[PDB]
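Below is one structure, written out as structure tokens; comments come after it.
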Amino acid sequence: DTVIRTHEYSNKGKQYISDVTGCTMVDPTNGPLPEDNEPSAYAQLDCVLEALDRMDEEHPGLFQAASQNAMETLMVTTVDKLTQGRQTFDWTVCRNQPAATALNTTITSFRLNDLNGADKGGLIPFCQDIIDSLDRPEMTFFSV
Amino acid sequence: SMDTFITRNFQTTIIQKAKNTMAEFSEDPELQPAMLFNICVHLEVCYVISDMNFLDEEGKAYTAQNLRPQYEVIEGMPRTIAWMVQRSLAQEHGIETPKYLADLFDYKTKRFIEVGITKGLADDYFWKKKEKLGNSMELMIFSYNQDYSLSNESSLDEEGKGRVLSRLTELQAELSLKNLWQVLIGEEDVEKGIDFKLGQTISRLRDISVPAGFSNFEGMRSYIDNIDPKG
Amino acid sequence: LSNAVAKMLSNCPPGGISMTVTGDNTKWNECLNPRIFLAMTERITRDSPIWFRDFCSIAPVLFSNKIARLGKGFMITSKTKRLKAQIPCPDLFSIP
Amino acid sequence: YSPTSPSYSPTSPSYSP
Amino acid sequence: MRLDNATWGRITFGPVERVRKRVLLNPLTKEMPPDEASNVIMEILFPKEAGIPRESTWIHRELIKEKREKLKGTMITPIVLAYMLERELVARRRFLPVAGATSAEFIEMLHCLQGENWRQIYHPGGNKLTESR
Amino acid sequence: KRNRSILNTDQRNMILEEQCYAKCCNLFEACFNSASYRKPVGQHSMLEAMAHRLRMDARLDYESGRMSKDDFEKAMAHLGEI
RNA sequence: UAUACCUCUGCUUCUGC
RNA sequence: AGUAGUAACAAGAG
RNA sequence: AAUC
């Protein structure tokens with residue numbers, strides 16, 4: 041129902057095929073504006089950027105200030121920060137499991153495909169491994 | 000190069016520990032090999048002092071059987087392991103833990119030792135580190151030009167003092183032979199830029215993950231940064 | 282909210298009318314697009330270095346090409362025979 | 031006086047001619 | 125001990141304007157930031173693991189010595205001692221609706237102090253600070 | 668008590684996997700008591716840490732005189748294998 | 001097949017920010 | 001049957 | 001006469 045209704049509000053957008061996944065994708069952004077009161081995902085990029093600009097004018101140098109605080113925190117953030125979560129999807133077994141386990145299964149699996157950014161302690165190199173793991177031609181994982 | 004040079008001179012035990020120490024400070028071994036050499040030489044001087052030296056059941060120095075050395079090598083080991091050893095000794099013998107990290111601890115002297123390697127004047131480098139410590143650790147500085155400046159209470163034996171000065175200039179001779187001595191003399195400091203670059207697959211996803219009227223992400227990045235939408 | 286309401290109340294033009302719209306947005310998640318959220322980060326990280334810009338850009342890029350797993354499936358039963366069986370999501374179009 | 035009693039209340043400001 | 129030695133006044137019925145101010149929930153033995161207290165706790169319970177000795181050690185050296193002597197002959201698990209110390213060092217400051225009482229030893233009793241349409245006089249026992257007076 | 672439904676499924680294998688980590692962690696906490704309180708830091712091996720600590724602990728207990736000549740050699744022998 | 005009038009299970013056949 | 005209410009339970013497994 |  042959600043899957044249908046999500047596309048029902050974006051059906052007048054641009055439909056294309058993802059060359060990566062090979063899936064059917066839908067893009068409403070910068071689509072034709074609505075002529076009815078039915079829900080609409082057709083949001084114009086300029087109107088967002090203007091409203092964002094208006095925020096930077098009203099609140100001076102908040103963006104670069106907020107970016108700094110987050111960026112500086114990211115550097116200090118350890119990998120174990122991903123343990124404090126709820127039931128997480130584990131790609132290895134394709135079932136929901138505790139975040140602490142779902143993390144451990146990924147670290148042990150990444151060690152086989154040769155991605156030891158997790159060992160360094162910081163989240164940045166572990167995140168650097170995750171985007172790189174897409175490039176690997178085959179991803180091996182333990183299955184007891 | 001300095002990279003291939005260290006493979007021939009030192010053993011793996013000194014190379015690994017040197018790289019592992021630099022890894023903690025977020026300093027690249029390969030991009031700064033002269034900085035690795037400073038630690039490699041600094042660890043080898045400390046290693047040889049504790050190698051032949053041992054203790055007995057009565058508790059006096061002798062050369063070699072036994073499973074309890076006379077000197078405890080702190081430099082080379084990781085930070086959290088080093089500071090564990092640092093405090094455990096200080097707390098046991100009953101003396102104040104030093105402000106900064108140490109290199110060696112002599113069980114017969116019951117005092118911390120601060121080792122230092124320098125290029126030119128050895129006596130100049132001795133008084134510089136005396137400012138910070140004062141009377142915390144017994145300093146023992148050495149240089150490559152056979153110029154030494156030991157502590158007031160000289161625990162170092164005459165035969166052992168030679169082995170240090172022997173290896174110091176032997177390496178300094180090997181460096182000058184292959185024209186790799188000029189690399190260590192010159193100054194070395196570069197910014198550790200935080201590297202995070204996107205691969206092939208994730209970049210391909212970001213290219214398609216853009217609004218209508220954009221070829222690739224580069225177009226979306228420049229547009230948001232440059233143009234002014236007001237009105 | 283008290284102070285905000287006090288100010289938004291007492292700042293209003295005298296001899297006018299201040300009106301409060303008790304509001305709510307329907308189909309919040311179903312409409313909002315990741316590609317708009319991507320544009321938001323690029324604007325917010327304009328002064329910040331290029332490594333951080335690309336870092337913040339990933340999360341939306343992943344949501345932009347996300348895939349939905351359709352739970353367990355559908356259970357079919359004969360009332361006369363008194364039988365039941367789950368139909369896995371890959372076998373949804375196996376049945377007419 | 032008990033809190034339930036009316037006499038518990040304080041001798042309040044009363045008006046006079 | 126504060127509730128034990130305390131004396132209670134009289135309940136007054138009438139309006140009470142309440143302000144929502146960021147107050148300290150529990151009285152501390154000696155206030156410190158999270159980092160500074162964490163190290164003081166380390167020096168007391170786990171000396172050898174502690175790590176790089178900061179100046180903070182020498183500032184609260186008198187507290188460390190005192191806590192060690194008090195936590196000497198106890199069989200209770202360190203993790204419990206650390207937790208109980210962390211309580212009486214790290215600050216617990218959160219927004220509460222108050223009216224003429226912001227001192228922690230009042231805030232801990234804030235439920236019995238006043239409501240919207242009533243007030244109650246309460247003298248908390250033990251000691252009070254000069255700064256607070 | 669733990670949910671025992673796992674015993675009947677093929678997930679059983681995770682019970683061993685848990686109790687394995689449990690042993691290691693519980694033995695690490697026996698070497699480093701502060702591990703329970705504040706998160707241990709280090710990019711080095713978990714064994715390397717436990718080795719160097721138990722080495723020092725034995726050496727200092729001997730020189731102080733908590734450890735005997737019978738126990739010290741046995742201790743250095745066992746740690747010698749690692 | 002059979003053990004099985006036996007054995008195991010009661011949130012662990014998907015519970016997010 | 002009944003609970004219940006857009007889909008289940010009214011026992012499951014070796 | 002606050003910040004934490």
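Chains as they are written, first to last, in PDB author numbering: chain A, 41 to 184; chain B, 0 to 63, 71 to 237; chain C, 282 to 377; chain D, 31 to 47; chain E, 125 to 257; chain F, 668 to 749. Even for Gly, the Cβ is constructed at its ideal location relative to N, Cα and C.
- The residues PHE4, in chain order, have a CB closer than 8 Å to that of B:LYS184 in the same chain once the five nearest residues on each side in sequence are set aside.
- Residue pairing by DSSP places E:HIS247 opposite E:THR131 in a beta bridge.
- Looking only at E:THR131, E:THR136, E:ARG185 and E:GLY249, the smallest Cα-Cα distance to D:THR34 is reached by E:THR136.
- It is roughly 16 Å from the alpha-carbon of E:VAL143 to the alpha-carbon of E:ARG217.
- Put simply, the region 136-149 of chain B touches the region 116-125 of chain B. At least three CB pairs are less than 8 Å apart.
- At a cut-off of 8 Å between C-beta atoms, B:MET90 counts as an interface residue with respect to chain F.
- Across the structure, B:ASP163 and B:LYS16 are spaced so that their CA atoms are roughly 27 Å apart.
- Proximity to F:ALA744 across B:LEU190, B:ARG74 and B:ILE80 peaks at B:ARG74, based on C-alpha coordinates.
- If the five residues before and after E:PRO221 are omitted, its C-beta is found closer than 6 Å to the C-beta atoms of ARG142 and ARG144, all from its own chain and listed in chain order.
- Each residue's CA atom was taken as its position, placing B:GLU26 and B:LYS198 some 7 Å apart.
- Boundaries of the beta strand (DSSP E) harbouring A:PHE129: 128-130, taken from the DSSP string.
- Taking C:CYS293 as the centre and dropping the five residues before and after it, the same chain places the C-beta of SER299 closer than 6 Å to its C-beta, in chain order.
- For A:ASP67, DSSP records a beta bridge to A:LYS54.
- In this chain, C:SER375 is not harboured by any beta strand (DSSP E), its DSSP state being neither H nor E.
- Within a 10 Å sphere around the beta-carbon of A:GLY71 sit 16 or more other beta-carbons, which makes this residue buried.
- Pairing A:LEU73 with C:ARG324 gives a Cβ-Cβ distance that is not under 8 Å.
- Contact between B:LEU177 and B:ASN8 holds: their C-beta atoms lie close to 6 Å from each other, under 8 Å.
- When beta bridges are read from the DSSP output, E:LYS145 appears opposite E:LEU220.
- By alpha-carbon distance to A:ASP120, the top candidate from A:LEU155, A:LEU143 and A:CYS87 is A:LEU143.
- About 6 Å separates the Cβ atoms of F:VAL708 and B:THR86, confirming a contact at the 8 Å cut-off.
- In the structure shown, the three-state DSSP call for E:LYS154 is coil.
- In the structure shown, D:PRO40 falls within a coil segment according to DSSP collapsed to helix, strand and coil.
- Taken through DSSP and simplified to helix, strand or coil, B:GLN97 comes out as helix.
- Taken through DSSP and simplified to helix, strand or coil, B:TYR106 comes out as coil.
- At a Cβ-Cβ threshold of 8 Å, B:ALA128 and B:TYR154 count as neighbours.
- Closest in C-alpha terms to E:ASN129, from the list E:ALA206, E:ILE203, E:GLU229 and E:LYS196, comes E:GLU229.
- The C-alpha of E:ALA225 lies about 21 Å from the C-alpha of C:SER283.
- Under a 10 Å Cβ-count criterion, A:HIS99 is classified as exposed, with fewer than 16 other Cβ atoms of the shown protein chains found around its own Cβ.
- One Cα belongs to C:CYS370, the other to C:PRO377, and the distance between them is close to 14 Å.
- The beta carbons of B:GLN76 and B:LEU54 sit about 5 Å from each other, so the pair counts as a contact at 8 Å.
- Exposed is the label assigned to C:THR358, since fewer than 16 other Cβ atoms lie within 10 Å of its Cβ.
- Looking from the CA of A:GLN127, the closest CA among A:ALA140, A:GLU178 and A:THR145 belongs to A:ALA140.
- Contact between C:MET321 and A:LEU92 holds, since their C-beta atoms are separated by about 7 Å, short of 8 Å.
- For A:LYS54, the chain B residues whose C-beta falls within less than 7 Å of its own C-beta are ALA218, listed in chain order.
- The beta carbon of B:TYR61 is closer than 7 Å to those of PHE53 and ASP55 in its chain, skipping five residues each way along the sequence.
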